[PDB]
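Encoded as structure tokens, the following chain is the form deposited in one PDB entry, with no partner shown.
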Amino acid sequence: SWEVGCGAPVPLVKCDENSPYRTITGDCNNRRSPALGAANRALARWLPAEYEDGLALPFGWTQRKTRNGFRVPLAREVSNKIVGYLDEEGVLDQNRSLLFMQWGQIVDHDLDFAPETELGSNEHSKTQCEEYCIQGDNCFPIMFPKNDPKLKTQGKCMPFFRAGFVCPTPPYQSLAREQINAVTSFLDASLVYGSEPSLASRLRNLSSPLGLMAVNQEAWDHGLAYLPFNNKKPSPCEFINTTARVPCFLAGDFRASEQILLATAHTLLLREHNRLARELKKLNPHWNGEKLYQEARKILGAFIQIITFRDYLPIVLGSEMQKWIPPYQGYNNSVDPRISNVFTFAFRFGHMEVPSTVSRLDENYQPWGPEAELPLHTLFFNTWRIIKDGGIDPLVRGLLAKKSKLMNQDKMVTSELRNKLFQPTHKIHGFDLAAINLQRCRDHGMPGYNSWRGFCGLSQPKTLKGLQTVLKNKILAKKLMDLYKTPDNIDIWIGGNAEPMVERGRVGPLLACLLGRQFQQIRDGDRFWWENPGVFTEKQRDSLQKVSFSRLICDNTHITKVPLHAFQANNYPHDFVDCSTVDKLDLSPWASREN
């Protein structure tokens, strides 16, 4: 890097080199380089940033500044002409449950968060971005093209604020701008426990010595725990229904209530922690609060690793799985475990797997009540539909029995996300996640499609006919060439997602490469990886080998009918089995006879 040692939060790291638990912040994982993979550091750059001014300004910022001699298209125009579709008939994934989409969002939240720069206080600035659509400093609004229906109902732009960056946070440094990752790069259940000391502690039950996570005190799920409420204003979850006045949940990750199924998934994970901590107490009555907390946390971290690497990545990466994530050979301390800037875009392939509706199903996996099925847009920042309309169980059934959207070159992102997205502070269900993704690519200084094709050892199409052959799609290639005049200029999110999916996977070759490398690195570069000799005992790892999502559900809801393979498409009752069929987590290897 241009000038090494520019970090604002570098010190305050007393690494206890025998401490057997992960830190919350991810510091002290790597011994030689203790900040590697820790939160609140720069995202890694696998390739040098590309900004219109070499330093900081996004391509598209200045009108008369070309990229390789062509203007970059408006993000919303690309969204409208390539990404949008009308007909939700036929879009569903006949071999992936809705859990497959949801696990992806969960894993993503474990690994990366690049928050908007801090300008939250009352001011003209953020409201003048919204109101007057005035580009400047961190305000980089998504301007509507002519012929955009939203022009007629919403104004001239959708607000957008540039991502935070390290070193000077209002002024800048002399290398290219580097965006921050606010969570730990390690797959470590940071979304459950938090990535900062403050939050980690606020989330805990330190009022009793049982090592429990705090649970909700105002509401219960047929006895089972809910996440605690986050009691700060303005609250988006209150804003979406002022009558119900039900707040957002408080979880290790800030985004937990963005949609009801993510909130759902967070609820399972918290309950798992508590069930593990109570189960541990009995087997080790002598263990204190810290000990029980840390040992539950460690088990939950392992669970997420296994589900991810054994269950999830094989049906994303398909044939490429082995090529990028060969079987584990042990911790390598030479591996950079940091999340890359490009990965935070590559893993947005999930956006094309989100379907337009969510169902609540009853115990016979039939519609729960008269509005069992709801449009996804009514479920952003929606906690009241959990609290006051059946709790978790009906939503979890729908995750099992309903299907993900299938990526489709003609039907990429459902209008529920493309046209009706809600964002805190902006008051309308009227934003476009696709447009935001594209603007964010520019904001983060992303190299274009051919740069990444080059990086990944893939052919770099220079013409329409070349692009037609790579996309295997003449009309999409044409639309991409008409908007971006060269494939060199195609934004990586749309370019990557445009490629046909590899055999037995759900992403194309380029994304398989970007994803596969990242996941290989977060495994191989993790000192606390579950299968690393020493982290667990031989017998502990024999127990952990048997975890399943199916089992998580059985332990932590009142559901009794589960598939064995929760991520594939399952129909009830054919592909469902009683919970007693399903292997448990045997915790007897954690018995410490410690006398």
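Under this definition, the rigid core comprises the largest set of C-alpha atoms superposing within 1.5 Å between the forms. Start at 1 and count along the sequence shown; that's the residue number.
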Quiz item: Once you work out the mean C-alpha B-factor for both 129 to 137 and 67 to 75 from the entry, which is higher?
Solution: 129 to 137
Quiz item: Per the PDB record, is the mean Cα temperature factor higher over 274 to 282 or over 496 to 504?
Solution: 274 to 282
Quiz prompt | Selection by C-alpha B-factor (highest) of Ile387, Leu515, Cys441, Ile315 | solution = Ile387
Quiz item: In this PDB entry, which of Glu353, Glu258, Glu371, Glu178 has the top CA B-factor?
Solution: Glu371
Quiz item: Hey, what third does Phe345 fall into on Cα B-factor, ranked over its chain?
Solution: lowest
Quiz item: Can you tell me which third, lowest, middle or highest, the CA B-factor of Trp452 falls into for its chain?
Solution: lowest
Quiz prompt | B-factor third for the C-alpha atom of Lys146 within its chain | solution = highest
Exercise. For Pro48, return the chain-relative third of its C-alpha B-factor as stated in the PDB record: lowest, middle or highest.
Key: lowest
Quiz item: Where does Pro533 sit by CA temperature factor within its chain: lowest, middle or highest third?
Solution: highest
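Omitted from view is the form deposited in another entry, to which the following refers.
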Quiz prompt | Of the candidates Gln329, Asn122, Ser334, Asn147, the only Cα that travels 2 Å or more between this form and the one not shown, given a rigid-core fit | solution = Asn122
Quiz item: Would the C-alpha of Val577 be classed as shifted by 2 Å or more between this form and the one not shown after rigid-core alignment?
Solution: no
Quiz item: Does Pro9 move its CA by 2 angstroms or more between this form and the one not shown when the core is aligned?
Solution: yes
